[PDB]
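K.L.:
Quick one: experimental structure and sequence below.
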Amino acid sequence: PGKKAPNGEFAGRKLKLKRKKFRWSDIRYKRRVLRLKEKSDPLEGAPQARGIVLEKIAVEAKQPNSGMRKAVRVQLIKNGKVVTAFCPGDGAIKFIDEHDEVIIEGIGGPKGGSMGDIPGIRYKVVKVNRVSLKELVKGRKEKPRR
Amino acid sequence: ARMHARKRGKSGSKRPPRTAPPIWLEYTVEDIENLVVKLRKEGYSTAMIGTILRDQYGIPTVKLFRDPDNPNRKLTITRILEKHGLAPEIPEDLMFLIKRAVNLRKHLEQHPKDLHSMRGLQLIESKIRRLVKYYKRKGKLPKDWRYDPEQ
Amino acid sequence: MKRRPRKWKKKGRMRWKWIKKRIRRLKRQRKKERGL
RNA sequence: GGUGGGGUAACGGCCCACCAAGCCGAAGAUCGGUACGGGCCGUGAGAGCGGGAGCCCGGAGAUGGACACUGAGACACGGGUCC
RNA sequence: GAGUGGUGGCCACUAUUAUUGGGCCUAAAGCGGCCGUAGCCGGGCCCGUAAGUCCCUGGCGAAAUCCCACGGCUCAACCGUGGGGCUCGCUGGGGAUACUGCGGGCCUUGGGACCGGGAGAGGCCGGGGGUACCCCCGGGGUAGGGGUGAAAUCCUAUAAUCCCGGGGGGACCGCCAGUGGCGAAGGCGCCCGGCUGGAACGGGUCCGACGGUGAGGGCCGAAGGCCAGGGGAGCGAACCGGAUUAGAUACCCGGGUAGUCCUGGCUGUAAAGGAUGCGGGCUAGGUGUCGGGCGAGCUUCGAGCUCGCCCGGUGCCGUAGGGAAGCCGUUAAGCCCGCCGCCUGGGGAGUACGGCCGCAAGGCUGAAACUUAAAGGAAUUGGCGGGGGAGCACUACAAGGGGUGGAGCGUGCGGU
RNA sequence: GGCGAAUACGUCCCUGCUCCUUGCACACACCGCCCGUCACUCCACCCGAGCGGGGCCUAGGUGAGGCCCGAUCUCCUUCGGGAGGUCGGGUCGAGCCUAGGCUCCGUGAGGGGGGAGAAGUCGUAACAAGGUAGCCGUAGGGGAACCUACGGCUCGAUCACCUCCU
RNA sequence: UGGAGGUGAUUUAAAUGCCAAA
Ligand SMILES: [Mg+2]
Ligand SMILES: [Mg+2]
Ligand SMILES: [Mg+2]
Ligand SMILES: [Mg+2]
Ligand SMILES: [Mg+2]
Ligand SMILES: [Mg+2]
Ligand SMILES: [Mg+2]
Ligand SMILES: [Mg+2]
Ligand SMILES: [Mg+2]
Ligand SMILES: [Mg+2]
Ligand SMILES: [Mg+2]
Ligand SMILES: [Mg+2]
Ligand SMILES: [Mg+2]
Ligand SMILES: [Mg+2]
Ligand SMILES: [Mg+2]
Ligand SMILES: [Mg+2]
Ligand SMILES: [Mg+2]
Ligand SMILES: [Mg+2]
Ligand SMILES: [Mg+2]
Ligand SMILES: [Mg+2]
Ligand SMILES: [Mg+2]
Ligand SMILES: [Mg+2]
Ligand SMILES: [Mg+2]
Ligand SMILES: [Mg+2]
Ligand SMILES: [Mg+2]
Ligand SMILES: [Mg+2]
Ligand SMILES: [Mg+2]
């Protein structure tokens, strides 16, 4: 490989063309300009969402960890899609009942995705029937309407 | 390097730096012009005339005498021939290349499977086209002049 | 096909030649169903 | 694009009659996508990269699509007609 | 600290977009090779011009927003009076000529043309040969030949294997042969004749910058495959038998179709690898070998031999420098001046959809959803090998003596 | 304590251990590592008969309304004409209907590979000469990893000989 | 001393990794 080209004083057009051509090999640039995330995001670019609980499930941790992580299936009000949301806390699943409404947000893993030993779950529960879940787990408050 | 083969031969002439003709040279300008005209009328090429003048008459390159008519430039064989109307119509190297191409084409009619010789023909014609472009730019050839092997 | 000489390395995979043969077999069947 | 007219507050294929074959394009035409433009704003040592709701200047609209009366000025958000 | 945490977005981190300022031998990445159009980059001197470029000066680029000093609200945030900046952009004039551009003149160093004596498996066409192998006919002789780790299938009393005298056929050119030669690469090796391409050396010969790279475009391109017509000795996909094995759709053995060969086309693919794109300048030495030239000494006078130097090829060891290291090192992977091509964590995937080309097989172009924390390179210490070498042992063998395993019983263990 | 022999004075063939050298995808260190089909669970995607629903171009028909030029009618006139109705002609025109062609959304019988999981199953293809060296191109065959033929590369181990160098 | 190539050969069969580490 010789010297980097073009270097000429009157070769601006070719240099700009080259830089534009090879910028499409950058995955971050390509996804932003083509808006690929907005096309497949169930939350439609929102930071939080509201949904209705359909059922409770449990997911096994990946190797070499052991345990069951409690999660729920949530149907979104805004577009009707169904996602899976993790319930953080010790014994927090006992405060969830079927047909309740919840507020969910991102779980906070790398690249805006999943984290830890539970891939496939991208969201977590924040509120239950307009009451903070963290309070309910700690106490200090009672779940409304029984 | 070479135009196509990319070799790096270095053989050539090593002309010493001098301005005036040597002392031991005794021919005058007119004698040299007469010799050049005679040799041209015998039917020699421009490169061959200088070779004969150097080898047999002891005359190093004629580019040691000022042009008597135009003091701003030195003398060359082609200029001497132009002063008498014996200069070639087509530049000599172009003519030689065209002559080489014509002979090779009639060989390839009887040997259609000689593919290695055909590449030589392609390279020769590339050289011819380079030369014709250059000569069109300088005005040594008419603008409508074209190279067609079918001629 | 395009060249990926990284695929020819044998650690943790089967031979690339036979993967290529298998893919070519698979592509024939799709082409036949497309013509129907 | 030319020649001869009409219409306009006014020049103009703006619109007609007639005569020609032109005009744009790999230095990206045509088509598709996404967006009101700028002064400015965020970040970075700088070179740069990203945004352009709120205040000022310019543009466009009044449920969607068409069309008129009055007037110096409108085809008019709190004036008129049709679908 | 009256705040402090969670989720999403942009910049920085990031020299992971590189003009400043990155990479492509072995880690992602140089098109299989070459020719050439636009574009970009272009040798030395003299004269002119003033477009680019530099300096001076007029008319502009609203205010708000930014920076500085002073002044008013208690100081500040905020606001006022001045000085700068910002919209890096446009335009009227004057001056300069080093560089780039443009016009003219003059050169020979880069490139090309030509002449001389030589070198070479470079290419195409015609002719003549060399052993070897297979089949057929005739003579001799008689019971086996062939093949494997061991065998069997197979050939043989219609006389095989082996030896001798003849006839026919198709493919291929042994030793000499050389990190030797030629070609852009793929590739090229019997001898004589004809046609033809390129390169090196010698050159006070000729022309006079005619040059480098090259998007699109064009031509060449191992083996295999396909379409028509020939040929078919040996070898041999598919297939048919004999074995091995738990099975053996294989490795081994006996046969065998297509193909391998020639003529006219198509396909355009390889670990097509020097895994290293091409042109130019420069930066210690040492030592082999091929071609040409020069000098000296020998000589059987040979187109012969030995030594030294210059140019061009082809190898090895190595200094400065480079590199992650292996290593490279005037045949650079070192310092500098150019142009084109390509790469941006691992998979999905060279896949899906669309387009072009091909008789077909196939070629070129080429994503996304989703998934993942490594994948990848060079080197170190051990352990291992149905790898090599050296040594050793009656809880190893070889040469020997005596036994245990079968019966009844003593005692210990599993099970029930 | 009594009685009291046979054979060898060697080799690394079997079983093993020590050191030098070499290859390695092993370090839990060969009782290592590791590949593909079929079966089971879950996720995203592709092809797709049929089934509905939208959007653009064309072609034909129709057309609310607008403008201009005529004829005629009714009522007012300051006699200049104004306000409107009906018929005729010309031109522009949103919308609507039919046909055709492209394109988007929702379902969808059936088919196809991909990715995770952990083991239901059959074998042992690659790493040491991995027990037939491995790999690239093309073609044929096979439950599956794979096997065979022609040309190529070293990113191939061991012994003997030969060649070319420092 | 240390390197780079070429030609020959290379005597039957020999699959797997559970339990545990947890
Ligand atoms: Mg904008
Ligand atoms: Mg607002
Ligand atoms: Mg980062
Ligand atoms: Mg990098
Ligand atoms: Mg690579
Ligand atoms: Mg290459
Ligand atoms: Mg390559
Ligand atoms: Mg110059
Ligand atoms: Mg100027
Ligand atoms: Mg201002
Ligand atoms: Mg005060
Ligand atoms: Mg103050
Ligand atoms: Mg102020
Ligand atoms: Mg006989
Ligand atoms: Mg070129
Ligand atoms: Mg090769
Ligand atoms: Mg040399
Ligand atoms: Mg070295
Ligand atoms: Mg297609
Ligand atoms: Mg024992
Ligand atoms: Mg014994
Ligand atoms: Mg017993
Ligand atoms: Mg390991
Ligand atoms: Mg094993
Ligand atoms: Mg094996
Ligand atoms: Mg093997
Ligand atoms: Mg077979």
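P.N.:
In hand now; what should we look at? Numbering: from 1, shown residues only, chains lettered A, B, ... in the order given. Ligands and ions are numbered 1, 2, ... in the order given.
K.L.:
For chain B, which residue gets nearest to RNA strand F?
P.N.:
residue B:115 (19.9 Å; Cβ to the nearest atom of the strand). In short, each C-beta sits where N, CA and C put it, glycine included.
K.L.:
Now the element after the helix or strand containing residue A:21, going C-ward?
P.N.:
Using DSSP states H and E, residue A:21 maps to helix A:12-23. Going down the chain from helix A:12-23, the next helix or strand is helix A:27-34, by DSSP H and E.
K.L.:
and the angle from that next one to helix A:12-23?
P.N.:
Orientation note: helix A:27-34 sits at an angle of 100 degrees relative to helix A:12-23 (axes from the mean of the first three to the mean of the last three Cα atoms, to 10 degrees).
K.L.:
mind exporting helix A:27-34 as PDB, just the C-alpha atoms?
P.N.:
What follows is helix A:27-34, C-alpha atoms only, in PDB (Å, rounded to 0.1, in the frame of the first residue of the first chain):
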ATOM      1  CA  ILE A  27     -22.900   0.600  12.100                       C
ATOM      2  CA  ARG A  28     -23.800   3.500  14.500                       C
ATOM      3  CA  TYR A  29     -24.000   6.000  11.600                       C
ATOM      4  CA  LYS A  30     -26.100   3.700   9.400                       C
ATOM      5  CA  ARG A  31     -28.700   2.900  12.100                       C
ATOM      6  CA  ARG A  32     -29.200   6.600  13.000                       C
ATOM      7  CA  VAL A  33     -29.600   7.900   9.400                       C
ATOM      8  CA  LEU A  34     -31.800   5.100   8.200                       C
END
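K.L.:
I'd assumed residue B:92 was in contact with residue B:140.
P.N.:
No. Counting by Cβ atoms under 8 Å, residue B:92 is not a contact partner of residue B:140; they are 11.6 Å apart.
K.L.:
Residue numbers of chain A in contact with RNA strand F?
P.N.:
A:62-63 (Cβ under 7 Å from any atom of the strand).
K.L.:
so where do the helices sit in chain A?
P.N.:
Counting by DSSP state H, chain A has helices at residues A:12-23, A:27-34, A:36-40, A:133-138.
K.L.:
could you pull out the strands for chain A?
P.N.:
Along chain A, counting by DSSP state E, strands occupy A:48-60, A:68-76, A:82-86, A:101-106, A:123-128, A:131-132.
K.L.:
Please identify the deepest-packed of those.
P.N.:
strand A:123-128 (a mean of 20; mean count of other Cβ atoms under 10 Å in any protein chain shown).
K.L.:
Of all residues in chain C, which one is closest to RNA strand E?
P.N.:
residue C:2 (3.7 Å).
K.L.:
Repeat that for chain B.
P.N.:
For chain B, Cβ to the nearest atom of the strand, closest residue to RNA strand E: residue B:50, 2.2 Å.
K.L.:
Please give the centre-to-centre distance between stretch B:93-111 and its chain.
P.N.:
18 Å (Cα atoms, centre = their mean, to the nearest Å).
K.L.:
Can you give the contact residues for it?
P.N.:
Contact with stretch B:93-111 is made by B:88, B:114, B:117-118, B:120-121, B:124-125, B:127-128, B:131-132, B:135, B:147, B:149, as judged by Cβ atoms under 8 Å, 6 or more residues apart in numbering or on different chains.
K.L.:
Any of those buried? List them.
P.N.:
B:118, B:121, B:125, B:127-128, B:131-132, B:135 (16 or more other Cβ atoms under 10 Å in any protein chain shown).
K.L.:
which ones among the residues you listed come in contact with RNA strand E?
P.N.:
Among those, RNA strand E is touched by B:127, B:131 when using Cβ under 7 Å from any atom of the strand.
K.L.:
Now for the residue in chain A that RNA strand F sits nearest to, how many residues are close by?
P.N.:
Closest contact between chain A and RNA strand F, by Cβ to the nearest atom of the strand, is at residue A:63 (4.6 Å). Burial of residue A:63 is recorded as 7 neighbouring residues (other Cβ atoms under 10 Å in any protein chain shown).
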